[PDB]
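Presented below is the structure to which this report refers.
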Amino acid sequence: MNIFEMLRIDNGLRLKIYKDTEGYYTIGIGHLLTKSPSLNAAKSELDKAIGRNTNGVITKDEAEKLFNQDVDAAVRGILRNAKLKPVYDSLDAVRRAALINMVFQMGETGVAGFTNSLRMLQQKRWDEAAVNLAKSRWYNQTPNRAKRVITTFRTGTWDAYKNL
Ligand SMILES: [Cl-]
Ligand SMILES: [Cl-]
């Protein structure tokens, strides 16, 4: 199991533009196109991202390309963020993937906001962080996904993802 497989399980693969859980236009493996209500705007972002007139539909290969760019981007945003970097560096391989997952999902800004949980992770206080992480809109809006990520941080194994 690795980050790619992990996020593939959490995001699915869709070849036509769709609305994510917050109602935003997305495509592929969780690639947000725009927060804008306009399908046209979505359509425009997609063509620009792909480099072709897509008509709101992409191929598997194209989906995968956006996915690789997105994972890379998530890693670099962490490394560049002053609040994220130290946490990431203190963690083992499996827990690093849980941090990337959150960043991919909510952005570096969103995650950097979890001050208290970050601190507990940095201290290696797994159960306590797990409890803190759960007290969030994140956990209340997407509880299944959140539980998988949280379990990953608590246990440091891929158990939550095996079977999927
Ligand atoms: Cl892009
Ligand atoms: Cl969920």
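By convention here, the chains of the structure tokens are called A, B, ... in the order presented, each chain's residues are numbered starting at 1, and ligands are numbered starting at 1 in the order presented.
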
* Can you list, as a count of residues only, every residue of segment 13-121 of chain A that DSSP puts in helix (DSSP H, G or I)? -> 66

* Asked: Could you pull out all residues of chain A with a DSSP call of strand (DSSP E) and give them as a PyMOL selection string?
  -> chain A and resi 14-19+25-28+31-34

Considering only C-alpha atoms and all ligand atoms, tabulate each residue of chain A that lies at most 8 Å from ligand 2 along with its nearest interatomic pair and the corresponding distance in Å to one decimal; arrange the rows by chain and ascending residue number and present them as CSV.
residue,atom,partner,partner_atom_place_in_ligand_line,distance
A:141,CA,ligand 2,1 (Cl),7.1
A:142,CA,ligand 2,1 (Cl),3.5
A:143,CA,ligand 2,1 (Cl),4.7
A:144,CA,ligand 2,1 (Cl),3.8
A:145,CA,ligand 2,1 (Cl),4.2
A:146,CA,ligand 2,1 (Cl),6.5

* Asked: What gap, in Å, lies between atom CA of residue 64 of chain A and atom CA of residue 104 of chain A?
  -> 14.9 Å

* **Contacts of ligand 1, 9 Å or closer, only C-alpha atoms and all ligand atoms, given as a PyMOL selection string** => chain A and resi 31+33+45-46+48-50+66+69-70

Quick one: everything within 7 Å of residue 14 of chain A, counting only C-alpha atoms, minus sequence neighbours fewer than 6 positions away in the same chain. Send it as a tab-separated table (two decimals) with C-alpha atoms, in the first residue's frame.
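The resulting file, selection-v3.tsv, is reproduced below:
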chain	number	residue	atom	x	y	z
A	27	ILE	CA	-12.69	15.21	-12.18
A	28	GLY	CA	-10.43	12.18	-12.15
A	29	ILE	CA	-8.93	11.16	-8.79

Near residue 7 of chain A, counting only C-alpha atoms, which residues have an atom at most 12 Å away, once you skip same-chain residues fewer than 2 positions from it, shown as a CSV table (one decimal) with N, CA, C and O atoms, in the first residue's frame?
chain,number,residue,atom,x,y,z
A,1,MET,N,0.9,-1.1,0.0
A,1,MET,CA,0.0,0.0,0.0
A,1,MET,C,0.9,1.2,0.0
A,1,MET,O,2.0,1.0,0.5
A,2,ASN,N,0.5,2.3,-0.6
A,2,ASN,CA,1.3,3.5,-0.7
A,2,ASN,C,0.3,4.6,-0.8
A,2,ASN,O,-0.9,4.4,-1.0
A,3,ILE,N,0.8,5.8,-0.8
A,3,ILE,CA,0.0,7.0,-1.0
A,3,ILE,C,-0.9,7.1,-2.2
A,3,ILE,O,-2.1,7.5,-2.1
A,4,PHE,N,-0.4,6.6,-3.3
A,4,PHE,CA,-1.2,6.6,-4.5
A,4,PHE,C,-2.3,5.7,-4.4
A,4,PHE,O,-3.5,6.1,-4.6
A,5,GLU,N,-2.1,4.4,-4.0
A,5,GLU,CA,-3.1,3.5,-3.8
A,5,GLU,C,-4.1,4.0,-2.7
A,5,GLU,O,-5.3,3.9,-2.9
A,9,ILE,N,-8.2,4.9,-3.3
A,9,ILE,CA,-9.3,4.3,-2.5
A,9,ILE,C,-10.2,5.4,-2.0
A,9,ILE,O,-11.4,5.3,-2.1
A,10,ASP,N,-9.6,6.5,-1.4
A,10,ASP,CA,-10.4,7.6,-0.9
A,10,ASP,C,-11.1,8.5,-1.9
A,10,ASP,O,-12.0,9.1,-1.5
A,11,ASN,N,-10.5,8.5,-3.1
A,11,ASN,CA,-11.1,9.4,-4.0
A,11,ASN,C,-11.9,8.8,-5.2
A,11,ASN,O,-12.7,9.5,-5.8
A,12,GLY,N,-11.6,7.6,-5.6
A,12,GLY,CA,-12.3,7.0,-6.7
A,12,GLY,C,-11.7,7.6,-8.0
A,12,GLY,O,-10.7,8.4,-8.0
A,13,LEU,N,-12.2,7.1,-9.1
A,13,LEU,CA,-11.7,7.5,-10.4
A,13,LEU,C,-13.0,7.9,-11.3
A,13,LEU,O,-13.8,7.0,-11.5
A,28,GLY,N,-11.5,13.1,-12.4
A,28,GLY,CA,-10.4,12.2,-12.2
A,28,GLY,C,-10.4,11.6,-10.8
A,28,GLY,O,-11.5,11.1,-10.3
A,29,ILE,N,-9.2,11.6,-10.1
A,29,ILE,CA,-8.9,11.2,-8.8
A,29,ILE,C,-8.9,12.3,-7.8
A,29,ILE,O,-7.9,12.7,-7.3
A,30,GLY,N,-10.1,12.8,-7.5
A,30,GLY,CA,-10.2,13.9,-6.6
A,30,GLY,C,-9.5,15.3,-7.1
A,30,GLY,O,-9.1,16.1,-6.3
A,31,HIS,N,-9.4,15.5,-8.4
A,31,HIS,CA,-8.8,16.8,-8.9
A,31,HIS,C,-9.9,17.9,-8.9
A,31,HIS,O,-10.7,17.9,-9.8
A,64,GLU,N,-4.6,10.1,-14.6
A,64,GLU,CA,-3.5,9.7,-13.8
A,64,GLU,C,-2.4,10.8,-13.8
A,64,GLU,O,-1.6,10.9,-12.9
A,67,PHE,N,-3.4,13.3,-11.4
A,67,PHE,CA,-3.1,12.6,-10.0
A,67,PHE,C,-1.6,12.7,-9.6
A,67,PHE,O,-1.3,13.1,-8.5
A,68,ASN,N,-0.7,12.3,-10.5
A,68,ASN,CA,0.7,12.5,-10.2
A,68,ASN,C,1.1,13.9,-9.8
A,68,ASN,O,1.9,14.2,-8.9
A,70,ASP,N,-0.8,16.2,-8.7
A,70,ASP,CA,-1.5,16.6,-7.5
A,70,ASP,C,-0.7,16.0,-6.2
A,70,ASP,O,-0.6,16.7,-5.2
A,71,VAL,N,-0.3,14.8,-6.3
A,71,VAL,CA,0.4,14.2,-5.2
A,71,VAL,C,1.7,14.9,-5.0
A,71,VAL,O,2.1,15.3,-3.9
A,74,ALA,N,1.2,18.2,-3.4
A,74,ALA,CA,0.9,18.1,-1.9
A,74,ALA,C,2.2,17.9,-1.2
A,74,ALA,O,2.4,18.5,-0.1
A,97,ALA,N,2.1,9.4,5.0
A,97,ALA,CA,1.1,9.2,4.0
A,97,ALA,C,-0.2,9.8,4.6
A,97,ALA,O,-1.0,10.4,3.8
A,98,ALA,N,-0.5,9.6,5.8
A,98,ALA,CA,-1.8,10.1,6.3
A,98,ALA,C,-1.8,11.6,6.3
A,98,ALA,O,-2.9,12.2,6.1
A,99,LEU,N,-0.6,12.2,6.5
A,99,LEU,CA,-0.6,13.7,6.5
A,99,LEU,C,-0.7,14.2,5.0
A,99,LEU,O,-1.5,15.2,4.8
A,100,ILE,N,-0.1,13.5,4.1
A,100,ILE,CA,-0.3,13.9,2.7
A,100,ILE,C,-1.8,13.8,2.3
A,100,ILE,O,-2.3,14.7,1.6
A,101,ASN,N,-2.5,12.7,2.7
A,101,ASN,CA,-3.9,12.6,2.4
A,101,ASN,C,-4.7,13.8,2.8
A,101,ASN,O,-5.5,14.3,2.1
A,102,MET,N,-4.5,14.2,4.1
A,102,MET,CA,-5.2,15.3,4.5
A,102,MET,C,-4.9,16.6,3.7
A,102,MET,O,-5.8,17.4,3.4
A,103,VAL,N,-3.6,16.8,3.4
A,103,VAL,CA,-3.2,18.0,2.6
A,103,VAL,C,-3.9,17.9,1.2
A,103,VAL,O,-4.4,18.9,0.7
A,104,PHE,N,-3.9,16.8,0.6
A,104,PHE,CA,-4.5,16.6,-0.7
A,104,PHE,C,-6.0,17.0,-0.7
A,104,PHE,O,-6.5,17.7,-1.5
A,105,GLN,N,-6.6,16.6,0.4
A,105,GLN,CA,-8.0,16.8,0.7
A,105,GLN,C,-8.3,18.3,1.0
A,105,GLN,O,-9.3,18.9,0.5
A,145,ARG,N,-14.0,8.6,5.5
A,145,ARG,CA,-12.7,8.9,5.1
A,145,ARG,C,-11.9,9.3,6.3
A,145,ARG,O,-10.8,8.8,6.5
A,148,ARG,N,-10.6,6.5,8.4
A,148,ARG,CA,-9.5,5.8,7.8
A,148,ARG,C,-8.2,6.5,8.1
A,148,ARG,O,-7.2,5.9,8.5
A,149,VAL,N,-8.2,7.8,7.9
A,149,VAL,CA,-7.0,8.6,8.1
A,149,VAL,C,-6.5,8.6,9.5
A,149,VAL,O,-5.4,8.4,9.9
A,161,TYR,N,-7.1,0.4,5.4
A,161,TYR,CA,-7.2,0.3,4.0
A,161,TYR,C,-7.2,-1.0,3.4
A,161,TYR,O,-7.5,-1.2,2.2
A,164,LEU,N,-10.3,-2.9,1.0
A,164,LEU,CA,-10.8,-1.9,0.1
A,164,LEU,C,-10.5,-1.9,-1.5
A,164,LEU,O,-11.4,-1.7,-2.3

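Note that atom CA of residue 91 of chain A and atom CA of residue 63 of chain A are 29.6 Å apart.
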